[PDB]
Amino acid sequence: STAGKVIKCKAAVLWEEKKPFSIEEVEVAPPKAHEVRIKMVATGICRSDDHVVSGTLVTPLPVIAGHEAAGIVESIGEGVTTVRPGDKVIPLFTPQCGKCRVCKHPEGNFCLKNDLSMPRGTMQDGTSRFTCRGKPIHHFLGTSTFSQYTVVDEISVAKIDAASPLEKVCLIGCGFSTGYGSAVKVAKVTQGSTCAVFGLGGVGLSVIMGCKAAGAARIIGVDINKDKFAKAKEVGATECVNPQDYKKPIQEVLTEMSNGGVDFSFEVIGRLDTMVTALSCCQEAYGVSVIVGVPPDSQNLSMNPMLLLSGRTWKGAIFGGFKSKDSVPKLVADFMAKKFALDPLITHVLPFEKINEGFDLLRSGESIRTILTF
């Protein structure tokens, strides 16, 4: 019925940094060749969407943010072969073209068609499908899910199980997969190890889930908000520590509690100082530290290279190291088979029109993941 036509719908537009989202009427153009128009069903509020509002994450404005979501294909442009109208799908903020050097490498996942390194906030063809008040509105990492309808490139969408609960599996579009993969795929947590997880929001909780699934014996959660500790323990943290309770630096405290440094540490916050602290708290000769948190745009950290010369391994990853199009469908299938849980991350559910309230909950420290329904 709407196939091949402009759709007029509501979307949350961010017109300028540090302002509330504006629920407005936008026009969404029909999908061009190899493009997929999606009717959104659920979208999570991730800290990275708030980074766009705060200026932490820089991307051309005005913009329709949102990148963690699930929806139903409304229509497909010419040449699309991987999804059909009616299919449940999850948009991929990291594409999987399957032809670049990274897509062909066994460990790479940061596809070279990404819109993160040199952000333009467009479709792959350099143009936008969004218009508001007559003005073109940018996309966000080829996803833009804070809208009733969006249009993505075929390499930025994956078909998922037809029976999946989209108000839950939207978390596989970012939060869950990032945390879980960070532990299980990037760090490769080992059985019996000691892990330290800095930041106990949705991503940090999914890191804990992954460490516990990998058989870690000790999983130490670190947060300055102690209200985060109960849920952290629920999904696997054996201990939790608040840096504000101590008179000495947390890396010392953690080095002492792990009898010389942890096997695996994770930075899941987004601060330069906690990135260096997480590196330091892993065992100097064989420790591994993974950066997951997004740092303030263009800022450099300072660190002593002797931390690495002793033997430490330092790495970072986008989306838990998962090749997005190949893994999203398998993660949904595993969720359907009850291999992991997603309810522990969901603390609040709000209609899409209350998006600003959902961001207020995140910023106040009260929520983990707010799921917005359309």
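When you see a residue number, it is the position in the sequence shown, counting from 1. By rigid core we mean the largest C-alpha set that fits within 1.5 Å across both forms.
After a core fit, the C-alpha atoms in 4 other deposited structures of this protein lie farther on average from the shown form in one of 298 to 306 and 139 to 147, namely 298 to 306. Of the two segments 237 to 245 and 80 to 88, the one whose CA positions lie farther from the displayed form in 4 other deposited structures of this protein, once all are superposed on the rigid core, is 237 to 245. 261 to 269 and 180 to 188 differ in mean CA B-factor, and the higher of the two is recorded for 180 to 188. The question of which stretch, 154 to 162 or 104 to 112, has the higher mean Cα B factor is settled in favour of 104 to 112. Looking at the C-alpha B-factors along this chain, the one for residue 23 belongs to the highest third. When the modelled residues of the chain are ordered by their C-alpha B factor, residue 41 lands in the middle third.
In this PDB entry, the Cα temperature factor of residue 67 sits in the bottom third of its chain's modelled residues, the lowest group.
Per-chain ranking of the deposited C-alpha B factor places residue 12 in the lowest third. Residue 336: CA B factor lies in the highest third for its chain, per the PDB record.
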